């Protein structure tokens, strides 16, 4: 603890999202959790919900409806869809808000109702929200009040593709993406599908053709391309808790080589602490960024002429979620972006 303390409120902290925010803020010198909510577990001690955090001095969980924000400086929000928009819309003006849900991610409010089953409840506010892909919208994020924190898959995919598309080094046709993620992305909910026995020692694709993150990914790619981009995105559930890898099979622009893609990503992220372009032909392993806020990537040439292969990995729970959220709040509060986010990966 140092500098001036920033009073934090975590809304919807009973999931893994909340556990990670707590974990990360325990290492942050200024951010201090003062209020935590979990409607289904109000009155309970967080240490009772997450035994691994028993040594942390935290306030008892309260129902979000009883949360007092008058003496709070910033909020990390992780509530259900629809309810999020209503709650955030009512929060006081003097606050920094980072919503980890997808509720304020899509600019097209109609595109939201189509993919989430209901009318956008905060259309006015949606126009004020800024997409939290730190390294890409940094300028806009630092003077934004409401930040819509990106989803995990979208984060791993846009970091490499956005800059390449803006520079016109790759075409926007036939972008084939095969993404893999640890099962922690499915949450703590009691589901037969996510049982150790149903997951361990095996894998399988899911969300074929229409995963809810597709619109989010295309939104960012379309803005970079200045034309409607339609991708092929196939996620796969892996028998591991943490870690995410997105492999993008792209067609390069006329005369462009895999090395050209490599050099552009290199100069684009050379000064970026959390986005690292690996050396030579080193292959990024998801195991090498677990527990860190890092994104490791590299690009290789495809056996097929004119094509390239891009591999991007992150800890779906950190840079893919809570890590990026804290990174954004650091930026919004004017603090170094790496504050409390320098934990090196836990390997083995």
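Residue numbers count along the first chain shown, from 1.
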Query raised in the report: Is the mean CA B factor in the deposited entry higher across 243 to 251 or across 160 to 168?
Result: 160 to 168
Report summary line: For 337 to 345 versus 2 to 10, entry-based mean Cα B-factors point to 2 to 10
Query raised in the report: Which one, 153, 233, 112, 206, has the peak C-alpha temperature factor per the PDB entry?
Result: 112
Report task. Going by the CA temperature factor in the entry, name the top one among 219, 181, 126, 194. Result -> 126
Query raised in the report: When the modelled residues of the chain are sorted by Cα temperature factor, does residue 288 land in the lowest, middle or highest third?
Result: lowest
Requested in this report: State the tercile, meaning the lowest, middle or highest third, of residue 82 with respect to the CA B-factors recorded for its chain.
Outcome: highest
Query raised in the report: With respect to C-alpha B-factor, does residue 73 fall in the lowest, middle or highest third of the chain as deposited?
Result: middle
Query - Ranked C-alpha temperature factor of residue 312 among modelled chain residues, by third - result: lowest
Report summary line: residue 65: CA B-factor among chain residues, third -> middle
